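Just the one chain here, the form deposited in one PDB entry, laid out as structure tokens.
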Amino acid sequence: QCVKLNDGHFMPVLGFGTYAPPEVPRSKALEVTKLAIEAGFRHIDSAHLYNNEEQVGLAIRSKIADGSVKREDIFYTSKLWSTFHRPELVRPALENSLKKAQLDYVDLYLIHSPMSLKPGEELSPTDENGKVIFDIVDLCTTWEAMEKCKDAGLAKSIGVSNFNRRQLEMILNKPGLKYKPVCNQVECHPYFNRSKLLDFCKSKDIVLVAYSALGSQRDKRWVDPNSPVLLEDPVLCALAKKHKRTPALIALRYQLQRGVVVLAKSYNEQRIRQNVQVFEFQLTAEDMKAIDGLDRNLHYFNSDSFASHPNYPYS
């Protein structure tokens, strides 16, 4: 079950989410990625940001080496972090990711965020410690550098993440554009279903990839603990009962049936193996309209901190 991307490549519609907070030992990423592959996940989502590309890659390489999978069966995503937006930093950042994971190519490379951050090396030992420094980069030139990565065979497909419609149009309207982004990976779930942005993406042949599809990890560092817990929704629970599934499985299936490619992070063996059951059942059209009704414009990514960045996607 794969979707055809606008560059002709194919992306599995269910992806494994690998991010876990820095308290979680990195050896866990190695363990759980092997478990994900053993359960049937083939699309694996990582990033320079996650500090896990080595462990994730070693999982992949391990399952390739022992003959459970071929490299060609695995669809591996990495992402260009925001301190590397300047065009001359793009290819080395990809190369660094490739060396960490010990892969020859990534199946997909994304611009992680339109919110560029100061690159390079400070120069004093402490002056800038702790601060968050924004940078200003024309993301079109970032995108050209991405296009060159694809032409070098380093990334099979290239795309973006956390872009809004305006930011997508800026790439789409670039003079001399060679490759459209294949996807826009954004927060998407029944509390923030992104239907308008989805319609836009579909009209341009860009796949929407949903993160926090199960309602986020609710990380204390950001997420308001009084925000409603997605998987406790009564409509999601009643559909789970009706179908003899679970609220997670309902929420994942919802995305698949609206043409969205869905990620699901779990570091728990049983939930990982549950999540692959998404292909065993289907929601009715009426079920789908009921889930559409749950939208409350709720972003679990309380980016509030970054709200004054000129490229903040919700300004």
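Residue positions are given as counts along the sequence shown, with the first one as 1. Whichever C-alpha set is largest while still superposing within 1.5 Å between the two forms counts as the rigid core. Shifts are known only where both forms have a C-alpha.
Note that the form deposited in another entry isn't included here; everything after this is about it.
Can you tell me which of these residues, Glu88, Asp127, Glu232, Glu72, is the one whose C-alpha shifts by at least 2 angstroms between the shown form and the other one after a rigid core fit?
Comparing the C-alpha positions, the one residue that moves 2 Å or more is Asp127.
Is the CA-CA spacing of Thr126 and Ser116 tighter or wider in the other form than here, given a 3 Å or more change?
Nearer in the other form, by 3 Å or more.
Between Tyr19 and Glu122, do the C-alpha atoms lie closer or farther in the other form than in the shown form, with a difference of 3 angstroms or more?
So the answer is closer.
For residues shared by both forms, which stretches of 3 or more shift their Cα by 2 Å or more between the shown form and the other one, once the core is superposed?
Residues 120 to 131, 303 to 305 form the shifted runs.
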